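Q: Chains as they are written, first to last, in the deposited numbering: chain F, 1 to 98; chain E, 1 to 98; chain G, 1 to 98; chain D, 1 to 98; chain H, 1 to 98.
Below is the structure:
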């Protein structure tokens, strides 16, 4: 379950906490209409990972993509802070667990 | 099989949906006229990975390369949206599946 | 147990040595005020990974992220030299132990 | 067995095909006059991995280094298109086999 | 044991060959005056990994970090060509062994 720290930081925002998601697909598409990379859960939910060219968000967004690939490869769960103002909902923070 | 999201995205393009491919070889080639990154399926189908010079597309092509190499290492399947305009067909989108 | 080298180096500083920590969650956040990379231990303790825009510190901070991810994926323990000046405490050095 | 695609491509070149190589060592060296990245096979043969500073070859040579490492860590075989011009022979294409 | 090629190259330098080293710790430090990347062996021996900003040594030194980290995670041995002129001794070449 989400760390107290992660839930606290989500509840400072207007986003929604989604806990224990099992990501089973990870998508890279070159279409110019994308807003980043996408992950799909075992129940068919889709979320987007944002992109940023410069420091510092170029670090966090890369580590979001590393978390997604490690969660899909190993069957690890994640918790998400996801904003419903975009569709697919955009990930503002992600926690990989165990 | 392809998420609905990935299927819908491929249908907005001229490229073809190829589902459930088992990639078994990953090629890097710097020779004249054949330079590129390619993947080979267990039955001998060949595709070229997209390439891109600049941000944002070079983030997307880096993640395709990571997806294709992870699929080959782990024996995981991928779904592809691949363009028939050249041969080998060029992967415009890829979905790693667990 | 922390190498004597790592302990000697942390003894030069105002930070504190934390030994044998089991990291169980890895967080990337781009929210507006809590952005950063963090790790959470099995007891719920939280640390922020150092960030640096330029060479050479951006080499070491990238390896701190790689160490934190590998520790969470593998259940490998780490030793930290962590500054109590902020909450979460900032990791200024980390040792991955096999 | 190398894919026919990889054999056909190598056969366009002045390089030679080496199939089914088991790489057991991976070397990085920054000493004068020996600097480079190299691989050594189970029988003791040595190859240099190509290098390139610029796009697009900087992509393919980085993938060559990822393939080499993965082959050595997992005991996977590779097929190589290697130029006999210099010693060690330089890898111009490589195919990782699962 | 070290390849003949690795040994021949190290014998050309002022550095020492160290064979069969079992690395068990990997350190990243950004503290003043002790900053750097380091590895520690099962005996307590400590080495500094070379670093470089510019091409081409930025490639080799990144691969040295990847070799160190892989050796620690998987308990693989390395061979090193390490200079005694500094403490910790600096790694000028490294060979990962399967």
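A virtual CB, placed ideally from N, CA and C, is assigned to each residue, including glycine.
Any Cβ of chain F within less than 9 Å of the Cβ of residue 75(G)?
A: Chain F, which has a Cβ nearer than 9 Å to the Cβ of residue 75(G), makes this yes.
Q: Tell me whether the beta-carbon of residue 90(G) lies closer than 9 Å to the beta-carbon of residue 27(G).
A: Cβ atoms of residue 90(G) and residue 27(G): not closer than 9 Å.
Q: Buried or exposed: where does residue 9(G) fall if 16 or more other Cβ atoms within 10 Å of its Cβ makes it buried?
A: The residue in question, residue 9(G), is buried, as its Cβ has 16 or more Cβ neighbours within 10 Å.
Q: Between the region 7-25 of chain G and chain H, which residues of the former have a C-beta closer than 9 Å to a C-beta of the latter?
A: Of all residues in the region 7-25 of chain G, 8, 9, 10, 12, 13, 15 have a Cβ within less than 9 Å of some Cβ in chain H.
Q: Can you list, in chain order, the residues of the region 47-59 of chain E whose Cβ is nearer than 7 Å to any Cβ on chain B?
A: Here the protein chains are F, E, G, D and H, and chain B is not one of them.
Q: Any C-beta of chain E sitting closer than 9 Å to the C-beta of residue 34(F)?
A: With 9 Å as the cut-off, residue 34(F) counts as an interface residue toward chain E.
Q: Check whether the region 13-31 of chain H touches the region 74-88 of chain H, taking contact to mean three or more Cβ pairs, one atom from each stretch, closer than 8 Å.
A: Touching, per the Cβ criterion.
Q: Thinking C-beta only, is residue 64(E) closer than 9 Å to residue 30(E)?
A: No, these two residues do not count as a Cβ contact at 9 Å.
Q: Whose C-beta lies closer than 6 Å to the C-beta of residue 58(E) among residues of the same chain, with five residues either side of it excluded?
A: Excluding positions up to five away in sequence, the list reads 52.
Q: List the DSSP bridge partners of residue 97(E).
A: 25(F), per the DSSP bridge assignment.
Q: From this set, 97(G), 82(G), 12(G), which residue's C-alpha is nearest residue 116(G)'s C-alpha?
A: With chain G running from 1 to 98 in the structure shown, residue 116(G) is simply not present.
Q: Is it right to say residue 74(D) is buried, meaning 16 or more other beta carbons lie within 10 angstroms of its own, or is it exposed?
A: Counting Cβ neighbours within 10 Å, residue 74(D) comes out exposed, since fewer than 16 surround it.
Q: Look up residue 12(H) in the DSSP assignment and say whether it is helix, strand or coil.
A: If DSSP states are grouped into helix, strand and coil, residue 12(H) belongs with coil.
Q: What three-state label does DSSP hand residue 60(G) in the structure shown?
A: Residue state, collapsed to three classes: helix.
Q: Taking 9 Å as the CB-CB cut-off, is residue 84(E) touching chain D?
A: Closer than 9 Å: no.
Q: Hey, how far is the Cα of residue 54(F) from the Cα of residue 84(F)?
A: One C-alpha to the other measures close to 25 Å.
Q: Figure out for me which residue from 42(D), 71(D), 32(D) has the closest Cα to the Cα of residue 14(H).
A: Checking every option, the nearest Cα to that of residue 14(H) belongs to 32(D).
Q: In whole angstroms, give me the CA-to-CA distance for residue 67(H) and residue 11(E).
A: Distance between the alpha carbons of residue 67(H) and residue 11(E) is about 43 Å.
Q: Is it buried or exposed for residue 3(D), if we count other Cβ within 10 angstroms and need 16 for buried?
A: So residue 3(D) counts as buried.
Q: Would you list the residues sitting across from residue 72(H) in a DSSP beta bridge?
A: Its beta-bridge partners do not exist; DSSP assigns none.
Q: Which residues does DSSP pair with residue 82(G) in a beta bridge?
A: BP columns for residue 82(G) point to 16(G), 91(G).
Q: Expressed to the nearest angstrom, what Euclidean distance is found between the alpha-carbon atoms of residue 98(D) and residue 61(H)?
A: Looking at the two C-alpha atoms, the distance is approximately 28 Å.
Q: How big is the Cα-Cα spacing for residue 23(G) and residue 88(E)?
A: Near 44 Å, if we compare the C-alpha coordinates of residue 88(E) and residue 23(G).
Q: Can you find a CB in chain G that lies within less than 9 Å of the CB of residue 67(H)?
A: Judged by the 9 Å Cβ criterion, residue 67(H) is not in contact with chain G.
Q: Take residue 72(F) as the anchor and find which of 41(F), 86(F), 92(F) has the nearest alpha-carbon.
A: Residue 72(F) has its Cα closest to that of 41(F), out of 41(F), 86(F), 92(F).
Q: On the CB-based measure, 16 or more other CB atoms within 10 Å of its CB, does residue 36(G) come out buried or exposed?
A: Counting Cβ neighbours within 10 Å, residue 36(G) comes out buried, since at least 16 surround it.
Q: Rounded C-beta distance between residue 7(F) and residue 96(E)? I'm assuming under 8 Å.
A: Contact doesn't hold; Cβ gap of about 29 Å is too wide.
Q: I'd like the list of long-range same chain contacts for residue 70(G), defined as Cβ closer than 8 Å, with 5 residues on each side in sequence excluded.
A: Here the set comprises 76, 96.
Q: On a CA-only basis, which of 86(G), 34(G), 1(G) is nearest residue 92(F)? Give me that one, please.
A: Of the listed residues, the one whose Cα sits closest to residue 92(F) is 34(G).
Q: Quick check on DSSP: helix, strand or coil for residue 67(E)?
A: In this structure, residue 67(E) counts as helix in the three-state DSSP scheme.
Q: Taking the C-alpha atoms as reference points, what is the distance between residue 86(D) and residue 5(H)?
A: Distance between the alpha carbons of residue 86(D) and residue 5(H) is about 15 Å.
Q: Measure from the C-beta of residue 94(H) to each C-beta in chain D and report whether the shortest distance is under 9 Å.
A: Chain D, which has a Cβ nearer than 9 Å to the Cβ of residue 94(H), makes this yes.
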